[PDB]
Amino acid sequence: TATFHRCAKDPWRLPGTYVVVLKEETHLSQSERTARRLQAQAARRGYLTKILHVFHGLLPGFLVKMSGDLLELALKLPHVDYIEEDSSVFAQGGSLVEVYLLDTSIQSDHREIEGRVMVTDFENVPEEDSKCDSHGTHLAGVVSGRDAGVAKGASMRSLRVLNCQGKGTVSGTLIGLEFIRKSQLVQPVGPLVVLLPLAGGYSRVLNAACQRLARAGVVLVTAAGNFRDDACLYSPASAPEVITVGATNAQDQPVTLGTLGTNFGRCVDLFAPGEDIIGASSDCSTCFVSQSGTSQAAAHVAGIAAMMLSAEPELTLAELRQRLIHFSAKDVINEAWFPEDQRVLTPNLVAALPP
């Protein structure tokens, strides 16, 4: 039977908005019929409701703004798999390959990335509680930047899912992922790499969407998270078929970020450089700045993967994973920085291009 889920990080919860996920083979007409049913049954009980979005492509279901009072009712609807309360996520060669970036707005005319980044018209961000585009612009530059990029031949498409403070929603991220899959079906191109340099609490729906996208043949790279914690407790970091990237520094140390730092554990696939990373600064068209985080590390791995996929376009996801591991530097990271029980579980791998 159908279950209800909400973010375990209580300050990250977004009460009043729910993702109703329907069973796997449900098609659009049914999803719409189920949404209209909910509204009608709700209205019968005096409750106002608004359908914000109907999903199809990866997940069948819909986004509804309504009172949580209606959850028991909604969970008895036909075709419902589960319902998840929305919650927040936060900012943390290559020529045949398209790299999608879901992040903040970007400065596309920055000389480092000018002409290699295409701003899609997709935008889904929550209202706030040069600066708006610092995070995305730096990460675009890490992937494909002319002077400081990993994969200079890669072309990028950017979607905006984080606001000016680097905050987005799970629901907004889902709609962004759906938009990527939709665009692909409409106009197929080569291998896709989807970069998700963000993280929220463990999300069943976000992990499921990522898993479906991966099963459909798309490569997903994510930030492990900057909480000095087990990456399995965060999403999309914990989605298994995603490539989850932790951050190391020039001394082969896991990265310290204030009192926190890189996440670790069995959900991390490998590490990459993620401290003191020079890259495009959106302050001016030729400006550069150094930044740190698992976002930057993920961006390195998206660039390596783009180069690898351009060289070997037939690689399956599992084969791409084997290459990333095979080509990594091994056992260079200081394991003593990790909690004692996590040292064996945390792969001692720093990503590298093949020579």
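Numbering starts at 1 and runs along the sequence shown.
According to the entry, the deposited sequence runs straight from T137 to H138 with no unmodelled residues in between. Where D129 is followed by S130 in the displayed chain, the model omits 4 to 9 of the deposited residues that sit between the two. 12-20 and 327-335 differ in mean CA B-factor, and the higher of the two is recorded for 327-335. Looking at 265-273 and 211-219 together, the entry lists the larger mean B-factor for 211-219, computed on C-alpha atoms. Per the PDB entry, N124 shows the highest C-alpha temperature factor of the residues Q92, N124, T244, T248. By the numbers in the PDB entry, the CA B factor is greatest at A151 among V170, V194, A237, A151. When the CA B factors of the chain's modelled residues are split into thirds, the value for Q296 lands in the lowest one. Compared with the other modelled residues of the chain, the Cα B-factor recorded for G190 ranks in the lowest third. In the deposited entry, the Cα temperature factor of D103 sits in the middle third of values across the chain's modelled residues.
When all modelled residues of the chain are sorted by CA temperature factor, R146 is found within the highest third. For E84, the recorded CA B-factor ranks within the lowest third of the chain. Only modelled residues enter the ranking.
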